[PDB]
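Q: Provided below: upload_26.txt, containing compact mmCIF, C-alpha atoms and all ligand atoms.
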# COMPACT_ATOMS: atom_id res chain seq x y z
CA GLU K 1 -1.17 16.13 -21.92
CA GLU K 2 -1.74 12.86 -23.72
CA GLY K 3 0.50 9.86 -23.18
CA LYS K 4 1.81 11.34 -19.89
CA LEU K 5 0.49 11.96 -16.39
CA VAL K 6 1.20 15.21 -14.55
CA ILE K 7 0.34 15.05 -10.85
CA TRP K 8 0.14 17.84 -8.27
CA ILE K 9 0.47 17.12 -4.54
CA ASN K 10 1.44 19.35 -1.62
CA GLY K 11 5.09 19.73 -0.64
CA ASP K 12 4.59 18.38 2.88
CA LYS K 13 3.30 15.02 1.51
CA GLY K 14 5.24 11.96 0.30
CA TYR K 15 5.80 13.25 -3.22
CA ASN K 16 9.00 11.21 -3.70
CA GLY K 17 7.17 8.03 -2.73
CA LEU K 18 4.36 8.89 -5.14
CA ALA K 19 6.92 9.51 -7.88
CA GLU K 20 8.06 5.92 -7.23
CA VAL K 21 4.55 4.61 -7.83
CA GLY K 22 4.60 6.81 -10.93
CA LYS K 23 7.82 5.11 -12.04
CA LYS K 24 6.20 1.74 -11.44
CA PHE K 25 3.40 2.93 -13.72
CA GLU K 26 5.88 3.99 -16.40
CA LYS K 27 7.70 0.65 -16.15
CA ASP K 28 4.43 -1.23 -16.81
CA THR K 29 2.78 1.03 -19.39
CA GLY K 30 5.56 3.20 -20.82
CA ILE K 31 3.63 6.30 -19.72
CA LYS K 32 5.71 8.94 -17.95
CA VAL K 33 4.31 10.17 -14.63
CA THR K 34 5.73 13.42 -13.31
CA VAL K 35 4.93 14.47 -9.77
CA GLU K 36 5.18 18.16 -8.87
CA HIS K 37 4.61 20.05 -5.64
CA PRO K 38 3.84 23.68 -6.54
CA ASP K 39 3.38 26.30 -3.81
CA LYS K 40 -0.19 27.42 -3.09
CA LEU K 41 -1.34 24.43 -5.11
CA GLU K 42 -4.92 24.75 -3.83
CA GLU K 43 -4.95 28.30 -5.20
CA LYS K 44 -3.08 27.60 -8.44
CA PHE K 45 -5.10 24.57 -9.63
CA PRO K 46 -8.45 26.44 -9.89
CA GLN K 47 -6.62 29.26 -11.69
CA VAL K 48 -4.93 27.01 -14.21
CA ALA K 49 -7.51 24.23 -14.57
CA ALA K 50 -10.29 26.74 -15.31
CA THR K 51 -8.38 27.68 -18.49
CA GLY K 52 -8.13 23.97 -19.30
CA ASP K 53 -4.63 23.38 -17.96
CA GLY K 54 -2.70 22.34 -14.84
CA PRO K 55 -2.26 18.73 -13.78
CA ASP K 56 -4.12 15.56 -14.71
CA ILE K 57 -4.38 14.60 -11.02
CA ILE K 58 -4.54 16.96 -8.02
CA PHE K 59 -3.97 15.88 -4.41
CA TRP K 60 -5.47 17.86 -1.55
CA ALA K 61 -7.62 17.51 1.53
CA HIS K 62 -11.21 16.95 0.39
CA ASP K 63 -12.48 20.30 1.78
CA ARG K 64 -11.30 22.15 -1.34
CA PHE K 65 -12.80 19.77 -3.90
CA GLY K 66 -16.42 20.93 -3.73
CA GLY K 67 -15.31 24.31 -5.06
CA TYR K 68 -13.29 22.69 -7.86
CA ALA K 69 -16.20 20.42 -8.80
CA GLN K 70 -18.82 23.16 -8.66
CA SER K 71 -16.68 25.18 -11.11
CA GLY K 72 -16.47 22.17 -13.44
CA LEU K 73 -12.76 21.57 -12.79
CA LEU K 74 -13.11 17.91 -11.75
CA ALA K 75 -14.16 14.81 -13.66
CA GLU K 76 -16.59 12.38 -12.13
CA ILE K 77 -15.00 9.30 -10.59
CA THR K 78 -15.93 5.89 -11.98
CA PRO K 79 -15.11 3.13 -9.47
CA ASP K 80 -16.97 -0.17 -9.70
CA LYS K 81 -18.68 -1.68 -6.66
CA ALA K 82 -15.83 -4.12 -6.10
CA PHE K 83 -13.24 -1.34 -6.08
CA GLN K 84 -15.35 0.90 -3.84
CA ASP K 85 -15.73 -1.95 -1.36
CA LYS K 86 -11.93 -1.84 -0.79
CA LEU K 87 -12.01 1.59 0.92
CA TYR K 88 -13.79 2.77 4.05
CA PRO K 89 -17.31 4.07 3.25
CA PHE K 90 -16.77 7.28 5.24
CA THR K 91 -13.70 8.04 3.11
CA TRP K 92 -15.90 7.80 0.00
CA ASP K 93 -18.46 10.12 1.62
CA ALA K 94 -15.90 12.95 2.00
CA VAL K 95 -15.36 13.00 -1.78
CA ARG K 96 -19.06 12.91 -2.57
CA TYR K 97 -20.39 16.29 -3.75
CA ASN K 98 -23.98 16.91 -4.93
CA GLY K 99 -24.24 13.10 -4.94
CA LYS K 100 -21.25 12.47 -7.20
CA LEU K 101 -17.91 10.90 -6.43
CA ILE K 102 -15.50 13.67 -7.42
CA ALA K 103 -12.18 12.29 -6.12
CA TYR K 104 -10.41 9.25 -4.73
CA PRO K 105 -10.05 9.18 -0.94
CA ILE K 106 -6.44 8.43 -0.06
CA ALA K 107 -5.90 8.88 3.70
CA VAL K 108 -7.39 10.43 6.86
CA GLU K 109 -5.48 13.36 8.38
CA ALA K 110 -5.99 14.74 11.86
CA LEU K 111 -3.65 16.76 14.01
CA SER K 112 -2.20 15.24 17.15
CA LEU K 113 -0.09 16.59 19.96
CA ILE K 114 3.51 15.52 19.27
CA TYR K 115 5.84 15.70 22.26
CA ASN K 116 9.50 15.11 23.06
CA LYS K 117 9.67 12.15 25.43
CA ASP K 118 13.00 13.18 26.97
CA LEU K 119 11.80 16.71 27.77
CA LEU K 120 8.26 15.61 28.55
CA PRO K 121 7.90 11.90 29.35
CA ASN K 122 4.23 12.53 30.22
CA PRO K 123 2.44 15.05 27.96
CA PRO K 124 -0.07 17.48 29.48
CA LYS K 125 -3.74 16.57 29.49
CA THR K 126 -5.06 20.15 29.30
CA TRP K 127 -4.30 23.44 27.58
CA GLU K 128 -4.40 25.24 30.94
CA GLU K 129 -1.24 23.39 32.10
CA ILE K 130 0.93 24.66 29.23
CA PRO K 131 1.66 28.15 30.75
CA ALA K 132 2.96 26.71 34.04
CA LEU K 133 4.75 24.07 31.98
CA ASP K 134 6.34 26.57 29.56
CA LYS K 135 7.82 28.50 32.48
CA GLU K 136 9.30 25.30 33.83
CA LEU K 137 11.06 24.51 30.54
CA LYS K 138 12.22 28.11 30.25
CA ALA K 139 14.38 27.37 33.28
CA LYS K 140 16.02 24.65 31.17
CA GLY K 141 16.43 27.01 28.20
CA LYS K 142 13.53 25.40 26.30
CA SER K 143 9.80 26.06 25.71
CA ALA K 144 6.58 24.06 26.04
CA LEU K 145 4.78 24.37 22.72
CA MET K 146 5.26 25.69 19.19
CA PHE K 147 3.09 25.12 16.15
CA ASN K 148 2.12 26.93 12.99
CA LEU K 149 0.14 30.00 14.03
CA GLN K 150 -0.15 31.27 10.42
CA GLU K 151 -2.66 28.64 9.21
CA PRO K 152 -6.09 28.38 10.92
CA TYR K 153 -6.05 24.56 10.48
CA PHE K 154 -3.65 24.39 13.42
CA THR K 155 -5.60 26.64 15.84
CA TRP K 156 -9.09 25.37 15.01
CA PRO K 157 -8.91 22.37 17.46
CA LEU K 158 -8.67 24.81 20.37
CA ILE K 159 -11.27 27.21 18.90
CA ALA K 160 -13.70 24.33 18.30
CA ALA K 161 -13.19 22.73 21.73
CA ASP K 162 -15.59 24.86 23.76
CA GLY K 163 -17.95 26.09 21.07
CA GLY K 164 -16.60 27.10 17.68
CA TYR K 165 -18.21 25.20 14.81
CA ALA K 166 -18.42 25.21 11.00
CA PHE K 167 -21.34 23.06 9.80
CA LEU K 168 -21.51 24.95 6.55
CA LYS K 169 -24.38 24.36 4.18
CA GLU K 170 -25.66 26.59 1.41
CA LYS K 171 -29.28 27.38 2.20
CA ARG K 172 -31.93 29.53 0.55
CA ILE K 173 -32.80 33.05 1.68
CA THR K 174 -35.63 32.92 4.21
CA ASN K 175 -36.79 36.55 4.03
CA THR K 176 -40.38 37.23 3.00
CA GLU K 177 -39.48 40.84 2.17
CA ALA K 178 -36.48 40.49 -0.13
CA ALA K 179 -37.13 41.12 -3.81
CA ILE K 180 -35.12 38.02 -4.75
CA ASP K 181 -36.18 34.93 -2.80
CA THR K 182 -34.32 32.32 -4.86
CA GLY K 183 -30.66 32.77 -3.82
CA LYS K 184 -28.68 30.86 -1.19
CA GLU K 185 -26.66 31.88 1.85
CA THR K 186 -24.11 30.05 3.98
CA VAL K 187 -25.47 28.82 7.29
CA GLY K 188 -23.53 26.96 9.96
CA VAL K 189 -20.56 29.27 10.59
CA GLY K 190 -19.95 29.40 14.34
CA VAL K 191 -16.91 31.53 15.13
CA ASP K 192 -18.43 34.64 16.82
CA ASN K 193 -19.71 32.83 19.90
CA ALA K 194 -18.62 32.28 23.48
CA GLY K 195 -16.82 28.99 22.83
CA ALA K 196 -14.75 30.25 19.90
CA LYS K 197 -13.87 33.52 21.65
CA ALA K 198 -12.67 31.60 24.72
CA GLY K 199 -10.56 29.30 22.54
CA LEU K 200 -8.81 32.08 20.64
CA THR K 201 -8.50 34.16 23.82
CA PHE K 202 -6.42 31.41 25.44
CA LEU K 203 -4.15 31.45 22.36
CA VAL K 204 -3.68 35.24 22.44
CA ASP K 205 -2.79 35.13 26.18
CA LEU K 206 -0.11 32.50 25.56
CA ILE K 207 1.41 34.95 23.09
CA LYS K 208 0.93 37.90 25.44
CA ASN K 209 2.55 36.02 28.33
CA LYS K 210 5.49 35.08 26.06
CA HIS K 211 4.67 31.38 25.89
CA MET K 212 4.35 31.52 22.08
CA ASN K 213 5.25 34.05 19.39
CA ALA K 214 2.64 35.34 16.94
CA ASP K 215 5.08 35.01 14.00
CA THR K 216 5.73 31.27 14.45
CA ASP K 217 5.03 29.49 11.15
CA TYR K 218 5.17 25.84 10.02
CA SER K 219 8.91 25.96 9.36
CA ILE K 220 9.92 27.71 12.59
CA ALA K 221 7.84 25.29 14.68
CA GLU K 222 9.09 22.22 12.80
CA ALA K 223 12.77 23.17 13.12
CA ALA K 224 12.47 24.09 16.80
CA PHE K 225 10.84 20.78 17.71
CA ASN K 226 13.17 18.61 15.62
CA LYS K 227 16.15 20.50 17.08
CA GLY K 228 14.97 19.77 20.63
CA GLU K 229 14.11 23.42 21.36
CA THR K 230 10.41 23.15 22.30
CA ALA K 231 8.87 20.20 24.11
CA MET K 232 5.68 19.88 22.04
CA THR K 233 4.21 20.61 18.61
CA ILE K 234 0.89 20.13 16.83
CA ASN K 235 1.07 18.56 13.40
CA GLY K 236 -0.20 15.79 11.15
CA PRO K 237 1.23 12.37 10.27
CA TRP K 238 3.18 13.74 7.29
CA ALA K 239 5.45 15.50 9.82
CA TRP K 240 6.55 12.24 11.48
CA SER K 241 9.23 11.37 8.92
CA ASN K 242 11.32 14.48 9.63
CA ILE K 243 11.21 13.77 13.38
CA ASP K 244 12.28 10.18 12.76
CA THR K 245 15.42 11.46 11.00
CA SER K 246 16.01 13.95 13.83
CA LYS K 247 17.48 12.76 17.10
CA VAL K 248 14.21 13.51 18.99
CA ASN K 249 12.48 10.63 20.79
CA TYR K 250 8.86 11.62 20.15
CA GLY K 251 5.40 10.46 21.11
CA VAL K 252 2.11 11.21 19.39
CA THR K 253 -0.91 11.61 21.63
CA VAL K 254 -4.34 13.14 22.15
CA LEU K 255 -4.64 16.90 21.84
CA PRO K 256 -5.15 18.58 25.26
CA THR K 257 -8.57 19.51 26.64
CA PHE K 258 -9.78 23.09 26.98
CA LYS K 259 -12.16 23.88 29.86
CA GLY K 260 -12.57 20.12 30.26
CA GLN K 261 -13.60 19.80 26.57
CA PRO K 262 -11.72 17.80 23.92
CA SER K 263 -9.93 19.77 21.25
CA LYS K 264 -11.78 19.22 17.96
CA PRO K 265 -9.48 19.08 14.89
CA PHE K 266 -10.83 19.48 11.40
CA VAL K 267 -10.37 16.08 9.81
CA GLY K 268 -9.15 15.86 6.22
CA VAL K 269 -9.30 13.04 3.70
CA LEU K 270 -6.43 13.50 1.28
CA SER K 271 -8.14 13.13 -2.07
CA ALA K 272 -7.03 12.52 -5.66
CA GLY K 273 -9.19 14.32 -8.21
CA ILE K 274 -9.06 14.01 -11.99
CA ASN K 275 -9.05 17.35 -13.83
CA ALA K 276 -12.16 17.83 -15.96
CA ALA K 277 -9.89 19.21 -18.71
CA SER K 278 -7.55 16.24 -18.79
CA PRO K 279 -7.24 14.02 -21.88
CA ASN K 280 -5.97 11.04 -19.84
CA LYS K 281 -8.85 10.43 -17.46
CA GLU K 282 -8.64 6.71 -18.13
CA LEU K 283 -4.89 6.68 -17.45
CA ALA K 284 -5.60 8.64 -14.29
CA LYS K 285 -8.11 5.96 -13.24
CA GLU K 286 -5.57 3.20 -14.09
CA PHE K 287 -2.89 4.82 -12.00
CA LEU K 288 -5.20 5.66 -9.08
CA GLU K 289 -7.12 2.37 -8.84
CA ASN K 290 -4.45 -0.21 -9.74
CA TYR K 291 -1.22 1.42 -8.68
CA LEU K 292 -1.69 3.98 -5.89
CA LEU K 293 -4.64 2.50 -4.02
CA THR K 294 -2.86 -0.81 -3.58
CA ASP K 295 -0.88 -1.87 -0.54
CA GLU K 296 2.39 -1.48 -2.47
CA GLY K 297 1.55 1.98 -3.80
CA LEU K 298 0.33 3.43 -0.51
CA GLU K 299 3.27 1.80 1.19
CA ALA K 300 5.69 3.72 -1.08
CA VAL K 301 4.11 7.05 -0.15
CA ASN K 302 3.54 6.22 3.53
CA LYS K 303 7.15 5.41 4.26
CA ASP K 304 8.26 8.56 2.42
CA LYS K 305 5.87 10.68 4.49
CA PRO K 306 3.20 9.03 6.68
CA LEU K 307 -0.22 9.34 5.11
CA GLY K 308 -2.09 8.82 8.38
CA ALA K 309 -4.97 6.34 8.45
CA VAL K 310 -5.12 5.12 4.87
CA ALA K 311 -8.45 4.85 3.06
CA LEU K 312 -7.51 1.38 1.72
CA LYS K 313 -8.82 -1.17 4.23
CA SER K 314 -6.23 -3.80 3.29
CA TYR K 315 -3.28 -1.53 4.06
CA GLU K 316 -4.81 0.29 7.05
CA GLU K 317 -5.15 -3.05 8.86
CA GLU K 318 -1.36 -3.23 8.90
CA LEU K 319 -0.86 0.36 10.09
CA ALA K 320 -3.58 0.16 12.76
CA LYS K 321 -1.15 -1.24 15.34
CA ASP K 322 0.90 1.95 15.08
CA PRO K 323 0.04 3.91 18.26
CA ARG K 324 0.59 7.15 16.29
CA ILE K 325 -2.23 6.07 13.97
CA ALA K 326 -4.26 5.34 17.11
CA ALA K 327 -3.62 8.91 18.29
CA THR K 328 -4.46 10.29 14.82
CA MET K 329 -7.74 8.39 14.66
CA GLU K 330 -8.63 9.21 18.26
CA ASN K 331 -8.16 12.93 17.67
CA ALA K 332 -10.05 12.62 14.36
CA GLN K 333 -12.94 11.04 16.28
CA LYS K 334 -13.17 13.93 18.76
CA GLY K 335 -13.18 16.40 15.86
CA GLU K 336 -15.25 16.74 12.72
CA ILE K 337 -14.92 15.76 9.08
CA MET K 338 -14.53 18.99 7.15
CA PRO K 339 -17.41 20.16 4.97
CA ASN K 340 -16.58 20.20 1.28
CA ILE K 341 -18.86 23.03 -0.01
CA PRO K 342 -17.43 25.88 -2.17
CA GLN K 343 -17.74 28.53 0.54
CA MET K 344 -15.19 26.51 2.52
CA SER K 345 -12.41 28.50 0.83
CA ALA K 346 -13.93 31.77 2.06
CA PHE K 347 -14.33 30.33 5.58
CA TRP K 348 -10.65 29.41 5.82
CA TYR K 349 -9.60 32.85 4.56
CA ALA K 350 -11.88 34.57 7.10
CA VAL K 351 -10.63 32.49 10.04
CA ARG K 352 -6.96 32.85 9.01
CA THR K 353 -7.15 36.65 9.16
CA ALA K 354 -8.91 36.67 12.52
CA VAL K 355 -6.29 34.33 14.03
CA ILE K 356 -3.37 36.32 12.61
CA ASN K 357 -5.03 39.60 13.60
CA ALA K 358 -5.93 38.51 17.13
CA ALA K 359 -2.48 36.98 17.72
CA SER K 360 -0.55 40.01 16.42
CA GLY K 361 -2.83 42.53 18.17
CA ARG K 362 -4.26 44.22 15.07
CA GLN K 363 -7.72 43.30 16.37
CA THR K 364 -9.15 42.03 19.61
CA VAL K 365 -10.40 38.45 19.58
CA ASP K 366 -13.89 40.01 19.78
CA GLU K 367 -13.44 42.12 16.63
CA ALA K 368 -11.42 39.45 14.80
CA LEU K 369 -14.12 36.81 15.13
CA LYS K 370 -16.99 39.24 14.50
CA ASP K 371 -15.27 40.07 11.22
CA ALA K 372 -14.51 36.38 10.60
CA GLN K 373 -18.19 35.51 11.19
CA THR K 374 -19.45 38.01 8.62
CA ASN K 375 -16.86 37.19 5.95
CA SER K 376 -17.37 33.43 6.24
CA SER K 377 -21.07 33.85 5.33
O1 LIG K 401 -5.46 26.43 7.45
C1 LIG K 401 -6.45 26.39 6.43
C2 LIG K 401 -6.26 25.18 5.55
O2 LIG K 401 -6.36 24.02 6.36
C3 LIG K 401 -6.30 22.78 5.68
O3 LIG K 401 -5.00 22.64 5.14
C4 LIG K 401 -4.17 21.62 5.65
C5 LIG K 401 -4.28 20.37 4.82
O4 LIG K 401 -5.55 19.80 5.06
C6 LIG K 401 -3.20 19.36 5.20
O5 LIG K 401 -3.13 18.37 4.19
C7 LIG K 401 -1.80 19.95 5.49
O6 LIG K 401 -0.98 20.15 4.34
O7 LIG K 401 -1.88 21.16 6.22
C8 LIG K 401 -2.73 22.11 5.63
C9 LIG K 401 -2.70 23.39 6.44
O8 LIG K 401 -1.51 24.05 6.10
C10 LIG K 401 -7.37 22.70 4.59
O9 LIG K 401 -7.27 21.54 3.78
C11 LIG K 401 -7.22 23.89 3.66
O10 LIG K 401 -8.19 23.84 2.64
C12 LIG K 401 -7.33 25.17 4.48
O11 LIG K 401 -7.12 26.28 3.65
Spit out the file's structure as structure tokens when you get a sec.
A:
Amino acid sequence: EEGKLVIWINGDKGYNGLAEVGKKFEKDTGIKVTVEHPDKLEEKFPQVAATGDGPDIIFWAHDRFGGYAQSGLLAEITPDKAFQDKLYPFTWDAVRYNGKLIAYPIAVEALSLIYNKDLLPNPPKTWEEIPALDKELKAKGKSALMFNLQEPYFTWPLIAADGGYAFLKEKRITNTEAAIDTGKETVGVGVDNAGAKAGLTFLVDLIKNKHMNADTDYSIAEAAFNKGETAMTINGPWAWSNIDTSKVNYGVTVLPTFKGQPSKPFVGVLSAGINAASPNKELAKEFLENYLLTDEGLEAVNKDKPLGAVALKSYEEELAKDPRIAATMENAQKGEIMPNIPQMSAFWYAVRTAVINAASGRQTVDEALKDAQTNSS
């Protein structure tokens, strides 16, 4: 409530570094800043903010913030020209919804292919090499690739490579013969097409040929890679800190091509929104503008867990030499900035089920995506 700041940010992010910025805030103002990382934060915040509660500040990829804003859960952001000029204009665009700044862009997240340089001094260029490459590491007691198959974020780069798309926009009904001609529908879902089917088909066959397991989650994949058990993983910059502390010599590189096409990751801008129910919106601004989005604040979070390419131009210029940030930004450039509209939540839920269903065998790829296509719209 008043005289304190409560902040929510995901557990895989640099929440201890952000607590340090929060302590720097307390030291200067006397205002306590608590940072918490609840599970299913993106689900819990709309539940608890809608009743007027949850945190003063919420951290998530920008794709979820259009829903929060459309439901009135987010305050409008009030940066001056001079403060806006300090961040990249495309980072501001991701947190613009119905023309209003509804969050603070923090950093740019894109998946990259992370590989173990002692098992794999030269990473593979294409997805179609991994099968022959997994069977070669199986003769050394290892495997080629593991990544989280339970979240569609991780499989979308392959799905999108040869044709899958999601250029979601809410658009009005175009049917002369409906009674109601004033409502909107979601256009731009592209998951029941040839390109998406081919992408997810390749993934199912890896599982069917025992190159991956359909139950592999974030934790299983992370442990296997950082224990030297699989030669490659797919993850974002936040995952780098745990590999640094592991004994794995790792590289971060471009995702592999599929049928000659670049993998297209969904790009996220980590965003800091101010709860529309909060009584400390001016303290939230203070903390965000003058403590977090400074070199020293972003530096505290980034060396806890890497943020990726930071939205603050002054600090990104220092990180830009990092070849891992080059890989991040190069993948991000082959992919697409996520839409932020409210139906985004339904799109992710649809695609998650299809991926889990196709991978486990409950549906064919063909059925899974046909269902995904209908649910997303
Ligand atoms: O898989 C669907 C999920 O993908 C994205 O979630 C990412 C998030 O962007 C990252 O910050 C990181 O924590 O990994 C998450 C995937 O586990 C979307 O942001 C999210 O809305 C969507 O549901």
Q: Write out, as JSON lines, each residue of chain K that has an atom at most 7 Å from ligand LIG 401 (chain K), together with the closest pair of atoms and their distance in Å to one decimal, counting only C-alpha atoms and all ligand atoms, rows going by chain and rising number.
A:
{"residue": "K:10", "atom": "CA", "partner": "K:LIG401", "partner_atom": "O6", "distance": 6.5}
{"residue": "K:12", "atom": "CA", "partner": "K:LIG401", "partner_atom": "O6", "distance": 6.0}
{"residue": "K:60", "atom": "CA", "partner": "K:LIG401", "partner_atom": "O5", "distance": 6.2}
{"residue": "K:61", "atom": "CA", "partner": "K:LIG401", "partner_atom": "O9", "distance": 4.6}
{"residue": "K:62", "atom": "CA", "partner": "K:LIG401", "partner_atom": "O9", "distance": 6.9}
{"residue": "K:63", "atom": "CA", "partner": "K:LIG401", "partner_atom": "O10", "distance": 5.6}
{"residue": "K:64", "atom": "CA", "partner": "K:LIG401", "partner_atom": "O10", "distance": 5.3}
{"residue": "K:109", "atom": "CA", "partner": "K:LIG401", "partner_atom": "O5", "distance": 6.9}
{"residue": "K:151", "atom": "CA", "partner": "K:LIG401", "partner_atom": "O1", "distance": 4.0}
{"residue": "K:152", "atom": "CA", "partner": "K:LIG401", "partner_atom": "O1", "distance": 4.0}
{"residue": "K:153", "atom": "CA", "partner": "K:LIG401", "partner_atom": "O1", "distance": 3.6}
{"residue": "K:154", "atom": "CA", "partner": "K:LIG401", "partner_atom": "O1", "distance": 6.6}
{"residue": "K:268", "atom": "CA", "partner": "K:LIG401", "partner_atom": "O4", "distance": 5.5}
{"residue": "K:270", "atom": "CA", "partner": "K:LIG401", "partner_atom": "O5", "distance": 6.6}
{"residue": "K:345", "atom": "CA", "partner": "K:LIG401", "partner_atom": "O11", "distance": 6.4}
{"residue": "K:348", "atom": "CA", "partner": "K:LIG401", "partner_atom": "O11", "distance": 5.2}
{"residue": "K:352", "atom": "CA", "partner": "K:LIG401", "partner_atom": "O1", "distance": 6.8}
Q: Can you write just those residues out, C-alpha atoms, as a CSV table (one decimal), keeping the file's coordinate frame?
A:
chain,number,residue,atom,x,y,z
K,10,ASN,CA,1.4,19.4,-1.6
K,12,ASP,CA,4.6,18.4,2.9
K,60,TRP,CA,-5.5,17.9,-1.6
K,61,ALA,CA,-7.6,17.5,1.5
K,62,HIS,CA,-11.2,17.0,0.4
K,63,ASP,CA,-12.5,20.3,1.8
K,64,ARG,CA,-11.3,22.2,-1.3
K,109,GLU,CA,-5.5,13.4,8.4
K,151,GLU,CA,-2.7,28.6,9.2
K,152,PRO,CA,-6.1,28.4,10.9
K,153,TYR,CA,-6.0,24.6,10.5
K,154,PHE,CA,-3.6,24.4,13.4
K,268,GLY,CA,-9.2,15.9,6.2
K,270,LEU,CA,-6.4,13.5,1.3
K,345,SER,CA,-12.4,28.5,0.8
K,348,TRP,CA,-10.6,29.4,5.8
K,352,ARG,CA,-7.0,32.8,9.0
Q: Would you please work out which residue, of K:291, K:59, K:45, K:25, is nearest to residue 7 of chain K when using only C-alpha atoms?
A: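 The shortest atom-to-atom distance to residue 7 of chain K comes from K:59.
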Q: In Å to one decimal, how far is atom CA of residue 196 of chain K from atom CA of residue 326 of chain K?
A: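 So the two atoms, atom CA of residue 326 of chain K and atom CA of residue 196 of chain K, lie 27.2 Å apart.
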Q: Please compute the atom CA of residue 46 of chain K-atom CA of residue 76 of chain K distance, one decimal, in Å.
A: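 Distance reported for this atom pair: 16.4 Å.
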Q: When you look at residue 66 of chain K with a cut-off of 6 Å (counting only C-alpha atoms), what residues show up, excluding the ones that are within fewer than 5 positions of it in the same chain? I need them as a list in words.
A: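 So, after excluding close chain neighbours, the residues are residues 340, 341 and 342 of chain K.
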Q: With 9 Å as the cut-off and all atoms listed in the file counted, what is the closest atom pair between each nearby residue of segment 177-292 of chain K and segment 157-169 of chain K? Distances in Å to one decimal, ordered by chain and number, as CSV.
A:
residue,atom,partner,partner_atom,distance
K:185,CA,K:169,CA,8.2
K:186,CA,K:169,CA,5.7
K:187,CA,K:169,CA,5.5
K:188,CA,K:168,CA,4.4
K:189,CA,K:166,CA,4.6
K:190,CA,K:165,CA,4.6
K:191,CA,K:164,CA,5.1
K:192,CA,K:164,CA,7.8
K:193,CA,K:164,CA,6.9
K:194,CA,K:163,CA,6.7
K:195,CA,K:163,CA,3.6
K:196,CA,K:164,CA,4.3
K:197,CA,K:159,CA,7.4
K:198,CA,K:162,CA,7.4
K:199,CA,K:159,CA,4.3
K:200,CA,K:159,CA,5.7
K:201,CA,K:159,CA,9.0
K:202,CA,K:158,CA,8.6
K:203,CA,K:158,CA,8.3
K:255,CA,K:157,CA,8.2
K:256,CA,K:158,CA,8.7
K:257,CA,K:161,CA,7.5
K:258,CA,K:161,CA,6.3
K:259,CA,K:162,CA,7.1
K:260,CA,K:162,CA,8.6
K:261,CA,K:161,CA,5.7
K:262,CA,K:161,CA,5.6
K:263,CA,K:161,CA,4.4
K:264,CA,K:157,CA,4.3
K:265,CA,K:157,CA,4.2
K:266,CA,K:157,CA,7.0
Q: Let me see the file: selected residues, C-alpha atoms, as a PDB file, in the coordinates of the input.
A:
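Output contents, as saved in selection-v1.pdb:
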ATOM      1  CA  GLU K 185     -26.660  31.880   1.850  1.00  0.00           C
ATOM      2  CA  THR K 186     -24.110  30.050   3.980  1.00  0.00           C
ATOM      3  CA  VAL K 187     -25.470  28.820   7.290  1.00  0.00           C
ATOM      4  CA  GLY K 188     -23.530  26.960   9.960  1.00  0.00           C
ATOM      5  CA  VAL K 189     -20.560  29.270  10.590  1.00  0.00           C
ATOM      6  CA  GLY K 190     -19.950  29.400  14.340  1.00  0.00           C
ATOM      7  CA  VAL K 191     -16.910  31.530  15.130  1.00  0.00           C
ATOM      8  CA  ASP K 192     -18.430  34.640  16.820  1.00  0.00           C
ATOM      9  CA  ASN K 193     -19.710  32.830  19.900  1.00  0.00           C
ATOM     10  CA  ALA K 194     -18.620  32.280  23.480  1.00  0.00           C
ATOM     11  CA  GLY K 195     -16.820  28.990  22.830  1.00  0.00           C
ATOM     12  CA  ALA K 196     -14.750  30.250  19.900  1.00  0.00           C
ATOM     13  CA  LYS K 197     -13.870  33.520  21.650  1.00  0.00           C
ATOM     14  CA  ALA K 198     -12.670  31.600  24.720  1.00  0.00           C
ATOM     15  CA  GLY K 199     -10.560  29.300  22.540  1.00  0.00           C
ATOM     16  CA  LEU K 200      -8.810  32.080  20.640  1.00  0.00           C
ATOM     17  CA  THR K 201      -8.500  34.160  23.820  1.00  0.00           C
ATOM     18  CA  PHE K 202      -6.420  31.410  25.440  1.00  0.00           C
ATOM     19  CA  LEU K 203      -4.150  31.450  22.360  1.00  0.00           C
ATOM     20  CA  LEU K 255      -4.640  16.900  21.840  1.00  0.00           C
ATOM     21  CA  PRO K 256      -5.150  18.580  25.260  1.00  0.00           C
ATOM     22  CA  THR K 257      -8.570  19.510  26.640  1.00  0.00           C
ATOM     23  CA  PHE K 258      -9.780  23.090  26.980  1.00  0.00           C
ATOM     24  CA  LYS K 259     -12.160  23.880  29.860  1.00  0.00           C
ATOM     25  CA  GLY K 260     -12.570  20.120  30.260  1.00  0.00           C
ATOM     26  CA  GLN K 261     -13.600  19.800  26.570  1.00  0.00           C
ATOM     27  CA  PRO K 262     -11.720  17.800  23.920  1.00  0.00           C
ATOM     28  CA  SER K 263      -9.930  19.770  21.250  1.00  0.00           C
ATOM     29  CA  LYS K 264     -11.780  19.220  17.960  1.00  0.00           C
ATOM     30  CA  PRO K 265      -9.480  19.080  14.890  1.00  0.00           C
ATOM     31  CA  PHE K 266     -10.830  19.480  11.400  1.00  0.00           C
TER      32      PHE K 266
END
Q: Kindly indicate which residue among K:231, K:224, K:19, K:69 lies nearest to residue 297 of chain K, using all atoms listed in the file for the distances.
A: K:19
Q: From the options K:118, K:289, K:39, K:129, which residue's atoms come nearest to residue 86 of chain K, counting all atoms listed in the file?
A: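 Closest to residue 86 of chain K, using all atoms listed in the file: K:289.
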Q: Skipping near chain neighbours, those fewer than 3 positions away, what residues fall within 7 Å of segment 93-99 of chain K using only C-alpha atoms, listed as number ranges by chain?
A: K: 62, 66, 89-90, 102-105, 269
Q: Got a sec: who's within 8 Å of residue 147 of chain K, counting all atoms listed in the file, leaving out chain neighbours fewer than 2 positions off, as a list in words?
A: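 Those residues are residues 145, 149, 154, 216, 217, 218, 221, 222, 233, 234 and 235 of chain K.
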